[PDB]
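**Q**
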Amino acid sequence: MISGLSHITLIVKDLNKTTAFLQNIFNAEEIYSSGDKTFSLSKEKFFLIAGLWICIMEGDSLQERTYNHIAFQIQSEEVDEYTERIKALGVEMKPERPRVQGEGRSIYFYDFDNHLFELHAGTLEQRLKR
Amino acid sequence: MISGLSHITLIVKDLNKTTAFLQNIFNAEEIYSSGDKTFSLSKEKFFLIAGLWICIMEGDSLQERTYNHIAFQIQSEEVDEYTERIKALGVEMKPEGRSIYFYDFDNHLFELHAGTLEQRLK
Ligand SMILES: C[C@H](O)[C@@H](O)P(=O)(O)O
Ligand SMILES: C[C@H](O)[C@@H](O)P(=O)(O)O
Ligand SMILES: [Mn+2]
Ligand SMILES: [Mn+2]
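Heads up: the protein sequence lines correspond to chains A and D, in order. Position 79 of the first sequence, counting from 1, maps to 79 under the working numbering, and the rest follow consecutively. Position 51 of the second sequence, counting from 1, maps to 181 under the working numbering, and the rest follow consecutively.
1. Using a C-beta to C-beta distance shorter than 8 Å, which residues of chain D count as neighbours of A/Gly-4?
2. Mind the definition here: the region 49 to 56 of chain A touches the region 97 to 108 of chain A only if three or more C-beta pairs lie below 8 Å; say whether that holds.
3. Taking three-plus beta-carbon pairs below 8 Å as touching, is the region 166 to 179 of chain D in contact with the region 218 to 228 of chain D?
4. Just to check, is the beta-carbon of D/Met-223 closer than 7 Å to a non-hydrogen atom of ligand 1?
5. Determine the chain A residues that contact D/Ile-138 at a beta-carbon separation under 9 Å, and present them in chain order.
6. Just the chain D side, please: which residues come within less than 8 Å of A/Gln-126 by C-beta, in chain order?
7. Please check if any C-beta of chain A sits within less than 8 Å of the C-beta of D/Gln-153.
8. Using CA coordinates, which residue listed in D/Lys-252, D/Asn-154, D/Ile-200 and D/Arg-215 is at the minimum distance from D/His-238?
9. Please list the residues of the region 86 to 116 of chain A that have a C-beta atom closer than 7 Å to any C-beta atom in chain D, keeping them in chain order.
10. Short of 8 Å in beta carbon distance, which residues of its chain neighbour D/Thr-148, apart from the five on each side in sequence? Order them along the chain.
11. Any C-beta of chain A within less than 8 Å: which residues of the region 153 to 171 of chain D qualify?
12. Only counting runs of 3 or more residues, tell me where the beta strand (DSSP E) segments fall wholly within the region 79 to 126 of chain A, in order along the chain.
13. I'd like to confirm something about A/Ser-106: is its beta-carbon nearer than 7 Å to some heavy atom of ligand 2, or not?
14. Pull up the DSSP beta-bridge partners for A/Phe-72, would you.
15. In its own chain, which residues sit with a C-beta less than 8 Å from the C-beta of A/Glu-77, not counting the 5 before and 5 after it?
16. State the DSSP-derived secondary structure class of D/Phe-169, mapped to helix, strand or coil.
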């Protein structure tokens, strides 16, 4: 039986450039760098983002943009703020997606490697009470 | 600030196929279903897997296999168990702790990992 989420590993062309993206927007706490030593299979870093263990590895593989996405939890009062923080870094933001009166607000946007991210307000419960 | 993970949404070509997959391996628990083709709305489902909200939507599969992945935690004693359970689904399975990498029918790379972060580092 699965205990829970282990981690999520993303692949990026420019490690350092992606790192700042994570620390600025998600207040990501870097906890490990392959540079923290000599002889590492690959250039990579591990971060803690609200509990979640996120891993970033450098590589040439590029994924085509799709609706597959990871979504983090935020509050409704912080929607504007995050939209300001994202905008202030010039990262691309998708337009408001069609809701269903009872579906909280969301912010969609990419990193530099076609990774669709989302900051979701509103909960799962409010999405089931239907 | 970010309270934590809200959910992960995956796109798949066959909703029913992926479901059986999630149930047979992750013991995924369906908790919601909608999406009416007749009313022009792609189908979707919501499962809970080890407390995590997972949304599956129907659409195109990943055109290419990359190394981006989602990993779930298990005990290192169930490694052999899950290895075989996975071989039983016939899915493409690429041969701190042990892990198991394998794809679904939409080119998503998954992994079951034994051992924790506390370990991995410290
Ligand atoms: C065994 C682990 O899954 C590693 O390959 P990581 O994805 O943390 O780089
Ligand atoms: C409001 C949610 O982000 C939905 O649109 P989902 O991505 O779970 O389909
Ligand atoms: Mn991994
Ligand atoms: Mn979503």
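Just so you know, even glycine gets a beta-carbon here, dropped at the ideal spot from N, CA and C.
**A** Reading off the structure:
1. Walking along the first sequence from the start, residue 4 of chain A turns up at place 4. Chain D residues near A/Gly-4: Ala-180, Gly-181, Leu-182, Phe-202 and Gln-203.
2. no
3. no
4. Here residue 223 of chain D refers to the residue found at position 93 when the second sequence is read from its first residue. Flag unset: Cβ of D/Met-223 not near ligand 1.
5. Your numbering for residue 138 of chain D matches position 8 in the second sequence. The answer, in chain order, is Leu-5, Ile-8, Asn-68, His-69, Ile-70 and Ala-71.
6. Taking the first residue of the first sequence as position 1, residue 126 of chain A is located at position 126. What A/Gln-126 touches in chain D: nothing, since even the nearest Cβ is about 12 Å away.
7. The residue labelled residue 153 of chain D in the question sits at position 23 within the second sequence. Judged by the 8 Å Cβ criterion, D/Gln-153 is not in contact with chain A.
8. For the purposes of this step, residue 238 of chain D is identified with residue 108 of the second sequence, where counting begins at 1. Of D/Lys-252, D/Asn-154, D/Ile-200 and D/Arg-215, the residue nearest in Cα terms is D/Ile-200.
9. none
10. By one-based count along the second sequence, residue 148 of chain D stands at place 18. For D/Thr-148, where only same-chain residues beyond five positions count, the Cβ hits under 8 Å are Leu-140, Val-142, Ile-186, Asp-234, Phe-235 and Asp-236.
11. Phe-156, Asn-157, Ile-161 and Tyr-162
12. 106 to 110 and 116 to 120
13. The residue given as residue 106 of chain A occupies position 106 in the first sequence. Correct: A/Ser-106 has its Cβ closer than 7 Å to ligand 2.
14. Counting from one through the first sequence, the residue named residue 72 of chain A turns up at place 72. Paired residue(s): A/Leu-119 and D/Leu-135.
15. To locate residue 77 of chain A, count along the first sequence from 1; it is residue 77. Answer for A/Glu-77: no residue qualifies.
16. As a first step, residue 169 of chain D is located in the second sequence; it is residue number 39 there, counting from the start. D/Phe-169: coil per DSSP, three-state reduction.
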